[PDB]
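The structure under discussion appears below in the form of structure tokens.
The figures here come from the full heavy-atom set of this structure, side chains too, leaving out hydrogens, waters and symmetry mates. Both ligands and their constituent atoms are indexed starting at 1 by order of listing. By convention in this document, chain letters (A, B, ...) are assigned in the order of the sequence lines, proteins followed by strands, and residues within each chain are numbered from 1.
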There are 2 protein chains.
Amino acid sequence: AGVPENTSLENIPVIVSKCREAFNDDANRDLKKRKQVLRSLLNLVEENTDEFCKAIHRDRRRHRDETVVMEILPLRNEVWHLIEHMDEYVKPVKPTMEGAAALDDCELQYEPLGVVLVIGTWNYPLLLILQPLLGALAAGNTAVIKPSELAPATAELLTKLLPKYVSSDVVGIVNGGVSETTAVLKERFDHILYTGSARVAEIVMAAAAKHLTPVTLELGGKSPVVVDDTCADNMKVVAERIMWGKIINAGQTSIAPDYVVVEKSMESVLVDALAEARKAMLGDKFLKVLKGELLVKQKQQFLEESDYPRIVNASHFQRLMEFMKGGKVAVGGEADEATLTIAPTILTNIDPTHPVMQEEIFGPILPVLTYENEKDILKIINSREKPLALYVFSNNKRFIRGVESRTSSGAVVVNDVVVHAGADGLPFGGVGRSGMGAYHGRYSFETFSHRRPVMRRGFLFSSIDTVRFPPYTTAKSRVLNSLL
Amino acid sequence: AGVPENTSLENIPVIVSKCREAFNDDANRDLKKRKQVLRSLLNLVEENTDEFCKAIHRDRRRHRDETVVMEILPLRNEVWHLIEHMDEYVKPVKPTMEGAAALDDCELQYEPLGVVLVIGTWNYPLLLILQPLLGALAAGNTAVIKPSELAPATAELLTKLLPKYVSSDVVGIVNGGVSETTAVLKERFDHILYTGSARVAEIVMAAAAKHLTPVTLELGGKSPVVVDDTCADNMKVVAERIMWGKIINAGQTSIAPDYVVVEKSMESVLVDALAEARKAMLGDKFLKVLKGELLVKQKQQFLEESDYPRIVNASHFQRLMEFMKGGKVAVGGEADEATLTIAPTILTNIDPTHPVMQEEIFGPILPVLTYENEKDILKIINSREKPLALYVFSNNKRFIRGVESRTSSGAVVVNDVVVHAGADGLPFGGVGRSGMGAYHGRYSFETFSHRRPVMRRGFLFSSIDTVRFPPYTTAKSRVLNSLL
Ligand SMILES: NC(=O)c1ccc[n+]([C@@H]2O[C@H](COP(=O)([O-])OP(=O)(O)OC[C@H]3O[C@@H](n4cnc5c(N)ncnc54)[C@H](O)[C@@H]3O)[C@@H](O)[C@H]2O)c1
Ligand SMILES: NC(=O)c1ccc[n+]([C@@H]2O[C@H](COP(=O)([O-])OP(=O)(O)OC[C@H]3O[C@@H](n4cnc5c(N)ncnc54)[C@H](O)[C@@H]3O)[C@@H](O)[C@H]2O)c1
Ligand SMILES: O=Cc1ccc(Oc2ccc3c(c2)COB3O)cc1
Ligand SMILES: O=Cc1ccc(Oc2ccc3c(c2)COB3O)cc1
């Protein structure tokens with residue numbers, strides 16, 4: 001118990017070769033079949049919500065309610081959306097035609113691609129393996145899924161339960177870390193969706209080139225939060241939204257607030273408002289125990305039993321504790337090694353060249369930098385990689401529009417964080433080293449489909465026949481010259 | 001004269017670094033600037049149409065009227081379309097929202113990506129270097145272009161003329177073959193558009209992974225033509241369209257008729273109709289000379305002065321002459337080595353395992369296979385790579401729809417060939433080993449742009465705040481349970 005079986009290398013081609021045949025044999029082509037399968041994955045989630053929450057707790061130490069909001073309900077809404085709008089999404093589109101081809105009958109049809117690979121990640125292990133899967137299967141593909149090994153209990157359970165609802169020839173499973181994942185990537189797929197680090201994204205895309213496979217890459221970077229000096233009266237909402245977005249999963253969220261850029265005059269009030277938000281959300285007893293101002297008979301036991309989630313492993317814990325040395329610990333600072341607990345920490349007087357402000361934090365550390373004018377914002381943000389998310393807290397329509405226009409990022413949100421990702425009708429995806437492609441809803445269906453142009457002509461005379469057919473007469477030249 | 005100067009490896013980073021700065025300095029951001037630049041490229045083409053036709057003749061031995069129809073006028077129409085619809089295309093789109101986020105203000109903005117690399121190919125050297133370029137610049141990118149070295153005169157002239165209209169810091173030039181092109185691909189770009197072979201596409205995409213650069217890959221394969229037994233009365237139109245599509249560029253066109261699949265009873269009538277179409281288009285004197293039934297004082301001279309185009313080099317000539325040994329020469333067969341002339345040839349009694357029916361022909365050889373029923377069509381077509389183009393000649397609504405549904409290809413055309421590629425309002429691109437991504441018009445602008453979601457919220461209470469913020473109370477659990 002605890003982990004899934006590492007898939008044998010001999011079986012990895014067998015698993016992909018079976019899904020190939022399935023796709024080829026029309027296993028998931030017809031709309032009746034796609035809806036059954038999308039319904040069976042709704043049952044998987046709805047009937048075992050309890051067990052999944054318990055599994056995701058053992059891996060992440062997330063609370064059931066945190067998990068319900070962040071994973072369970074977004075996956076229910078995705079299944080609902082895709083069944084409701086499938087008949088809309090399959091149907092051909094009449095493009096607007098211009099010039100000669102406007103006399104013809106033209107059409108954009110959507111057709112499946114074939115076998116899709118989903119490679120997943122540990123921080124939201126169900127959501128980030130199944131939400132891609134729903135989209136692939138909604139578009140008439142068959143699929144192979146590779147769960148993160150850094151959430152073994154969630155990989156174990158899903159491996160246990162998924163084949164009771166959906167057959168392995170329709171949705172295949174491969175478990176393991178680097179070796180098992182390198183073997184699968186040697187196999188031919190028609191689209192790969194990958195979530196993870198840019199470093200590993202380069203190796204996937206290198207694998208994808210072997211077979212010319214289109215990739216959708218869901219990556220990270222340092223999502224900035226810009227706070228201006230028009231939010232004074234709302235500072236408690238600004239603080240609670242930014243602190244919520246960081247507290248969730250102990251910061252280990254790709255769209256979380258990575259650092260803040262605050263207008264020089266609003267620094268003190270934001271920081272203090274973040275500290276009160278923090279205290280409200282983590283609760284008094286918890287922070288006293290972590291700090292050591294209150295003793296408990298079984299300290300390790302108590303932290304493992306808390307509402308606050310853990311860091312994934314010892315290496316990322318230590319990395320995050322060394323980032324504290326890149327500034328002044330204004331708020332927080334508290335950690336415990338044996339339960340991989342690091343409470344949210346706000347750092348001031350940042351050396352902007354320190355690793356904490358060069359690499360993605362992906363943890364509870366939140367640096368706070370200031371800006372006197374808009375151009376100091378732009379040299380901070382645009383000197384770095386294009387981030388997955390950009391956040392602006394402001395009531396000024398000029399200041400918001402000016403920051404949008406002058407920066408590039410996966411998404412912008414004005415006056416909140418994170419929630420755009422759950423929003424029905426927006427694509428979710430990066431740009432530059434935050435990624436390429438997008439998915440969710442219509443955009444997963446569009447991503448996992450080939451848009452196929454179809455032109456219908458008759459056998460009768462039309463404009464084009466005056467100039468196309470050789471021989472190239474002098475009369476044909478004088479007609480074409482007259483156009484130029 | 002003849003060729004451009006091979007770009008020095010020391011200058012290749014300098015050239016890309018200059019376009020980077022340009023993009024970064026807003027060289028092509030504002031709409032006034034993009035339209036000037038698109039107008040200056042209209043002037044480039046319009047004012048030097050003559051010289052380009054002469055250059056493209058020396059490389060391809062294509063007639064000025066062939067070139068005007070296939071390259072000059074499609075590039076004029078593209079410039080036209082992009083200036084006319086730019087103000088449409090820049091504008092944000094209001095996606096349809098559902099659930100919670102429908103209370104907010106949501107938006108899809110389009111923003112430039114940065115520096116775009118266009119790698120070109122020899123067979124339509126101007127069209128397939130500039131049409132990508134127009135789309136990149138219409139989307140607010142700056143650009144680097146790499147002309148095929150297998151059309152040196154067209155590369156020379158464009159290198160001569162392009163910087164007189166548009167500055168090198170806005171549109172950079174790199175000339176050379178394998179070495180120069182490997183050096184450029186070591187540099188960072190924000191999108192690559194490549195036209196060429198799937199073999200070399202894999203090496204480009206491998207380069208693109210180094211920097212996580214999104215690729216649009218414009219490739220080939222064997223575009224089938226399916227002829228049924230409902231076209232008897234129209235056989236002269238069917239034959240002249242298929243023979244036109246092959247005659248152009250001596251077959252060296254990625255969307256040309258590669259082979260035919262004819263219903264068993266219509267074989268003789270199609271083949272003979274293709275032979276009469278061939279004779280009509282290439283003219284009697286030409287074919288007699290080529291065959292040797294009519295002599296001329298300077299044979300080599302006469303063929304170099306003809307309207308029929310040449311094979312790119314000796315290697316592809318010999319390859320195409322060995323394909324004649326994969327069947328019976330029903331129509332044609334005639335060749336001359338010193339002018340790299342191979343007249344269109346129809347082969348019957350094909351060994352379907354012979355290289356002529358395994359690899360892309362890209363030449364004047366046209367195999368003809370038969371089918372008794374629809375499933376014989378499907379095992380021919382679907383046993384091979386997904387092709388760029390699929391063509392169906394038919395008047396039966398059931399037979400057409402059945403072939404569309406059961407095959408995958410870059411585009412379908414019913415009752416013609418090639419022209420879909422010039423059609424305003426369809427995307428042009430492949431699928432599988434015919435390619436990924438699409439361009440032309442709106443679709444080039446969409447390809448060379450990041451679609452950026454933007455969510456705007458207010459600071460007041462809303463649906464989401466009932467469940468998101470910790471601490472995780474029992475009252476918060478009972479609210480979330482009631483939803484499940
Ligand atoms: N935008 C999103 O949807 C999203 C969501 C979650 C996380 N992320 C990003 O993920 C990033 C990194 O998380 P991580 O570093 O724990 O990811 P990771 O290292 O766990 O990688 C993810 C997947 O890649 C596989 N992998 C690891 N090394 C490999 C190799 N050498 N070859 C092949 N496969 C390999 C793993 O098995 C795993 O399934 C974060 O920085 C975050 O920003 C993005
Ligand atoms: N769909 C389309 O738009 C389209 C249009 C024209 C041609 N094509 C296809 O492209 C192919 C054209 O033939 P081709 O094979 O002569 O193209 P090609 O081999 O000349 O490749 C195109 C470009 O790649 C470069 N190149 C060649 N080898 C390289 C290497 N090792 N590293 C880096 N760069 C390299 C060349 O300099 C050239 O500019 C055909 O198969 C045809 O079907 C497709
Ligand atoms: O790390 C990346 C990531 C991406 C998407 C996530 O899914 C959410 C779905 C719905 C909602 C939220 C989040 C927050 O509020 B929602 O309504 C969570 C994490
Ligand atoms: O081999 C690949 C390829 C790709 C695109 C081509 O450009 C065309 C543009 C416009 C038109 C056509 C063709 C035919 O009629 B048109 O008006 C030609 C060849």
Side-chain angles (χ1 to χ4, degrees), chain A residues 69-71 73-75 77-78 99-101 121 123-124 127-128 131 195 218 220 244-245 248-249 252-256 362 388-389 416-423 428 440 464 467-468, chain B residues 69-71 73-75 77-78 99-101 119-124 127-129 131-132 146-151 155 175-182 184-185 194-201 203-204 207 217-223 244-245 248-249 252-256 258 312-313 316 359-362 388-389 410 417-423 428-430 434-435 439-440 463-464 467-468:
Chain A
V69 170
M70 302 285 283
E71 301 200 64
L73 291 175
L75 288 178
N77 293 329
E78 189 79 349
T121 193
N123 63 329
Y124 296 91
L127 170 91
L128 297 181
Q131 187 171 202
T195 303
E218 290 288 339
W244 170 70
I248 56 185
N249 214 52
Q252 295 162 307
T253 308
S254 73
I255 60 184
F362 208 60
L388 191 67
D416 216 329
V417 304
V418 182
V419 293
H420 70 287
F428 189 74
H440 295 14
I464 66 158
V467 296
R468 73 159 142 174
Chain B
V69 170
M70 303 285 286
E71 301 199 65
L73 292 174
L75 288 177
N77 293 328
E78 189 80 349
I119 293 157
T121 194
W122 55 265
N123 62 329
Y124 297 90
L127 171 91
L128 296 182
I129 205 90
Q131 188 171 201
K146 213 300 294 193
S148 185
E149 84 277 26
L150 286 181
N175 275 132
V178 174
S179 211
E180 287 85 18
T181 307
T182 305
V184 86
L185 282 164
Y194 164 89
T195 304
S197 77
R199 178 176 61 76
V200 167
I203 289 149
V204 173
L217 306 182
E218 289 288 340
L219 318 168
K222 303 168 69 62
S223 300
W244 170 72
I248 57 187
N249 214 51
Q252 296 162 306
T253 307
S254 74
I255 60 183
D258 186 275
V312 62
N313 58 42
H316 293 175
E359 324 172 9
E360 185 181 354
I361 283 155
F362 209 59
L388 191 65
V417 303
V418 183
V419 292
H420 70 287
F428 189 76
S434 74
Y439 80 119
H440 296 14
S463 56
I464 64 177
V467 295
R468 72 162 143 176

Between the protein and ligand 3, which nitrogen or oxygen pairs come in under 3.5 Å, and how far apart is each?
residue  : atom  : partner : partner atom : Å
ligand 3 : 1 (O) : A:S254  : N            : 2.9
ligand 3 : 1 (O) : A:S254  : OG           : 3.3

Heavy-atom side-chain contact between A:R468 and B:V419 under 4.5 Å:
yes
Hits for side-chain contact (heavy atoms from CB on, under 4.5 Å) against A:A421, two or more places apart or cross-chain, chain-then-number order -> A:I255, A:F428
Distance-only, no hydrogens or angles: does the B:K146 side chain make a donor-acceptor pair with backbone N or O of B:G176 under 3.5 Å?
yes
Holding to side-chain contact (heavy atoms from CB on, under 4.5 Å), I want the full list of residues that pass it with B:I203, two or more places apart in sequence or in another chain.
none
Between OG1 on residue B:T121 and CD on residue B:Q252, distance to nearest 0.5 Å:
10.0 Å
First locate atom CG of A:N77, then atom CD of A:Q131, and finally report the distance between them rounded to the nearest 0.5 Å.
10.0 Å
Heavy-atom pair with the smallest gap, counting every atom of B:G177 and B:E180:
N-OE1, 3.3 Å
With a 3.5 Å distance limit and no angle check, can you tell me whether B:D258 reaches the backbone of B:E360 through a side-chain donor-acceptor pair?
no
Counting only non-hydrogen atoms and a 4.0 Å cut-off, the residues near ligand 2 are B:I119, B:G120, B:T121, B:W122, B:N123, B:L128, B:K146, B:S148, B:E149, B:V178, B:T181, B:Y194, B:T195, B:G196, B:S197, B:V200, B:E218, B:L219, B:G220, B:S254, B:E360, B:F362, B:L388, B:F428
So do A:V69 and A:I248 actually touch side chain to side chain, heavy atoms under 4.5 Å?
no
